[PDB]
């Protein structure tokens, strides 16, 4: 039988939008746990629901998108408050709110009065990034993420104020009940999404178990730390009302390596480009090099997205490898052995944070960015001091393994 579906039912049934709709093994799943005034990034060796993490992610990247959008403007985003308590998830930013105004074409379609936040939250393929510029470094592009959050919410509340009015709209039952909004005068300016996911439909206990709750809190806490490193310097990231410590890639590196390699040496670099638009967006990099690292490992926040695959990583890997091979054959008086990238890089843990204009993704989840490798070969340069430091640490480890 041949069936025609709408966005709503499709997004509830299909994994192409946010990942699997039940618990699966997520490789590299991490969370932040507090051990006596110390943040540690630890693995979560338990299956979780990718789509569940995506609905947090979509709203968080919407907030960091607003922050970049306003950072060179008069009214800026000074904070991103994220909270997670008793299952309820909330995110609030303070730049200009979403325009409290009637959407003409959306109302013509709906045959009733529809305002912009209702389009932004309930209309698939809708937003301000349908026509993205080549220089735009927002993560958002599809006009889909927010509605993915709504469709996986038992209940949700969009609140937004623009300095003259406040606008409150309830969106319930997986986008099936869209209450008419309530518009009052207010002089506040902010955007807040507040929602309860459908934890049971997504494979979780109702309410969340002790372990599920702790795992999800740790994961969200981690995402907030990542924002705090990516976001600009006038913006505080809060999670459950505490500010997020990690405003630098060095802080992120220390967090991820607190256990494998405490008290270790952090190689740092700011990778710059010479031609606009790339020269507008330096990449911050911190790397630790340890013999007790078993494989190569990276953490990337690119355009606010915690993506796990992309040619920026390969750019750093290949550059470091070429230098490592040169100095290994120099330092070794054996002069015959041939090492490759796995030997070069398996003792490296690296953090890369920043914006890259003009990238594309392999799906809505934005797990993998898509780019020509030559973008980096043409435009970017890794500072030689960082390369030298790194090569030195790595060749030390190689020579001692063959010692």
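Positions refer to the first chain, counted from 1.
Undergrad: Determine, for stretches 108-116 and 190-198, which one has the higher mean CA B-factor as deposited.
TA: Averaging CA B-factors over each stretch, the winner is 108-116.
Undergrad: Got a sec? Mean C-alpha B-factor, which is higher, 159-167 or 88-96?
TA: If you average the C-alpha B-factors of 88-96 and of 159-167, the larger mean comes out for 159-167.
Undergrad: Between 65, 373, 35, 57, which carries the biggest CA temperature factor in the record?
TA: Spelled out: the listed residue with the top C-alpha B-factor is 35.
Undergrad: Could you check 281, 81, 123, 73 and tell me which one carries the biggest Cα B-factor in the deposited entry?
TA: Checking the PDB record, the top C-alpha B-factor among 281, 81, 123, 73 is at 73.
Undergrad: Within this chain's modelled residues, let me know which third the CA B factor of residue 43 belongs to: lowest, middle or highest.
TA: Its C-alpha B-factor belongs to the highest third of this chain's values.
Undergrad: Please place residue 311 in the lowest, middle or highest third of its chain by C-alpha B factor as given in the entry.
TA: Bottom third by C-alpha B-factor.
Undergrad: Comparing against every modelled residue in the chain, figure out the third that the C-alpha B-factor of residue 293 lands in (lowest, middle or highest).
TA: It belongs to the highest third of the chain when residues are ordered by C-alpha B-factor.
Undergrad: Among the modelled residues of this chain, does the Cα B factor of residue 204 put it in the lowest, middle or highest third?
TA: Middle third.
Undergrad: Using the B-factors in the PDB entry, rank residue 242's C-alpha atom against the chain and give the third, lowest, middle or highest.
TA: Highest third, going by the recorded CA B-factors of the chain.
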